[PDB]
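Structure first, then comments.
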Amino acid sequence: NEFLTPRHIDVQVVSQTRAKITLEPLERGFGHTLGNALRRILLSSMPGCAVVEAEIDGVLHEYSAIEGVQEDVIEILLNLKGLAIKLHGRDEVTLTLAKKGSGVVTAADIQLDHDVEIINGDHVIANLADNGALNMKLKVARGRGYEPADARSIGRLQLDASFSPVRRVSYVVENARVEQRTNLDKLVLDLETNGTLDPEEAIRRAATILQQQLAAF
Amino acid sequence: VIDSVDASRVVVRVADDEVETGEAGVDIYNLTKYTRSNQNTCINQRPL
């Protein structure tokens, strides 16, 4: 018959997270078969960046603690899994961190790079004191989903990385009108991420995954 | 008043009123790190 092809991208950015988008007026009945399909693609596989290995020049294993700091090595590595890192033209970089004195080590203390961008700068990593300091190297990579260290000289500390920028996806279906038909609906995605990827670029990336799985059909 | 807090030990400075002898007084608490239990579990203490 006749179908109205949705060709529009209306993104309402209120903050770095929770970006509400509205694709276009869909056909009658395509609000749920296309909205639930896009939700199962975003929450499943979206490229992200995560720290896969951290090397500290003072500690051997993640269980033994270091002097001068307050958080344990396990607590320090668990704080690295909440970093929002964005890579532009590289697939695997190597960051470093070195701070002394009685200062709260945050995500902004990492050495700046041209192809590395950190969204969260107030993320507390560790708390130091006048007794000692810490110095470590960070290695991030590109991935698609959850990959533990078991499925992936003695100072190498591997971490279970989760390459998923999306956190919560919800969709509602309302009524639309283009002065052409009577029964037309629009789709509104309440996409919420960690601020790494663009919400307008996530829809074009999710539409390509669905189209590639149907081209071979 | 707590003097210094470390991940492995906590040293406090005793107040001027709660001292038995005629000196300052310093209490040092060593925290138990990762040790083995009778049921092969982990036991460790974290400062608060």
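Only one of these conditions is not met by B:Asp3: (1) within 14 Å of chain A (Cβ to nearest Cβ); (2) among the charged types (D, E, K, R); (3) in contact with an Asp or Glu (Cβ under 9 Å, 6 or more places away or on another chain). Which number is it?
Tallying (1) within 14 Å of chain A (Cβ to nearest Cβ); (2) among the charged types (D, E, K, R); (3) in contact with an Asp or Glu (Cβ under 9 Å, 6 or more places away or on another chain), B:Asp3 fails exactly one: (3).
Might you let me know whether the stretch B:7-17 holds any residue that is outside any strand (DSSP E or B) and within 14 Å of chain A (Cβ to nearest Cβ)?
yes
Determine, yes or no, whether A:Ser15 is within 14 Å of another protein chain (Cβ to nearest Cβ), out of contact with any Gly (no Cβ under 7 Å at 6 or more places or on another chain) and surrounded by fewer than 19 Cβ atoms within 10 Å (Cβ to Cβ).
When the stated conditions are applied, A:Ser15 does not pass them.
Looking only at the stretch A:19-76, which residues are assigned by CATH to the domain that holds A:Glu117, in a helix (DSSP H, G or I) and of a type outside the set (A, V, I, L, M, F, W, C)?
Matches in the stretch A:19-76: A:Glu75 only.
Kindly indicate the residue of the stretch A:41-75 that is within 14 Å of chain B (Cβ to nearest Cβ) and of a type in the set (A, V, I, L, M, F, W, C) and also surrounded by the fewest Cβ atoms within 10 Å (Cβ to Cβ) among those meeting that condition.
Restricting attention to the stretch A:41-75, the residues satisfying the condition of being within 14 Å of chain B (Cβ to nearest Cβ) are A:56, A:58-75.
Keeping just the survivors that are of a type in the set (A, V, I, L, M, F, W, C) gives A:56, A:59-60, A:65-66, A:69, A:73-74.
Working: A:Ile56: 19, A:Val59: 17, A:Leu60: 11, A:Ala65: 23, A:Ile66: 19, A:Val69: 23, A:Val73: 24, A:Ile74: 15.
Step by step, filter the stretch A:41-75, then rank; the result is A:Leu60.
Picking from B:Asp3, B:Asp27, which residue would you name as being more than 23 Å from A:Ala126 (Cα to Cα) and assigned to a strand (DSSP E or B)? Let's see the steps before the verdict.
Values: B:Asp3 fails: more than 23 Å from A:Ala126 (Cα to Cα).
The unique qualifying residue is B:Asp27.
I'd like the residue in the stretch B:39-48 that is surrounded by 10 or more Cβ atoms within 10 Å (Cβ to Cβ) and in a loop (DSSP other than H, G, I, E, B) and, out of all such residues, is farthest from the other protein chains (Cβ to nearest Cβ).
B:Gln45
Give just the number: which of (1) surrounded by 10 or more Cβ atoms within 10 Å (Cβ to Cβ); (2) more than 14 Å from chain A (Cβ to nearest Cβ) does B:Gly22 not satisfy?
The failed condition is (1).
Are any of the residues in the stretch A:81-91 in contact with a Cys (Cβ under 6 Å, 6 or more places away or on another chain) and either assigned to a strand (DSSP E or B) or more than 11 Å from every other protein chain (Cβ to nearest Cβ) (or both)? Spell out the reasoning first.
Step one: of the stretch A:81-91, the residues in contact with a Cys (Cβ under 6 Å, 6 or more places away or on another chain) are A:85, A:87.
Of the ones still in play, those that are also either assigned to a strand (DSSP E or B) or more than 11 Å from every other protein chain (Cβ to nearest Cβ) (or both) are A:85, A:87.
Scanning the stretch A:81-91, I find at least one residue that is in contact with a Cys (Cβ under 6 Å, 6 or more places away or on another chain) and either assigned to a strand (DSSP E or B) or more than 11 Å from every other protein chain (Cβ to nearest Cβ) (or both), so the answer is yes.
Considering A:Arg181, A:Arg177, A:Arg144, which residue is assigned by CATH to the domain that holds A:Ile66 and either surrounded by 14 or more Cβ atoms within 10 Å (Cβ to Cβ) or not acidic (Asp, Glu) (or both)? Walk me through it before giving the result.
Working: A:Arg181 fails: assigned by CATH to the domain that holds A:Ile66; A:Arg177 fails: assigned by CATH to the domain that holds A:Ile66.
The unique qualifying residue is A:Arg144.
Could you go through the stretch A:101-108 and let me know if any residue there is within 13 Å of chain B (Cβ to nearest Cβ) and within 20 Å of A:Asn194 (Cβ to Cβ).
Start the filter on the stretch A:101-108 by keeping residues that are within 13 Å of chain B (Cβ to nearest Cβ), which leaves A:102.
Applying the additional criterion that residues be within 20 Å of A:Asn194 (Cβ to Cβ) yields none.
There is no residue in the stretch A:101-108 that is within 13 Å of chain B (Cβ to nearest Cβ) and within 20 Å of A:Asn194 (Cβ to Cβ).
Of the numbered conditions (1) surrounded by 12 or more Cβ atoms within 10 Å (Cβ to Cβ); (2) within 14 Å of chain A (Cβ to nearest Cβ); (3) not aliphatic (A, V, I, L, M), B:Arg36 fails exactly one; give the number of that condition.
(1)
Here Cβ is always computed from backbone atoms with ideal geometry, including for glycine, and neighbour counts include all displayed protein chains. Basis: the model, the stated rules and, where named, an outside source; no laboratory read-out is quoted.
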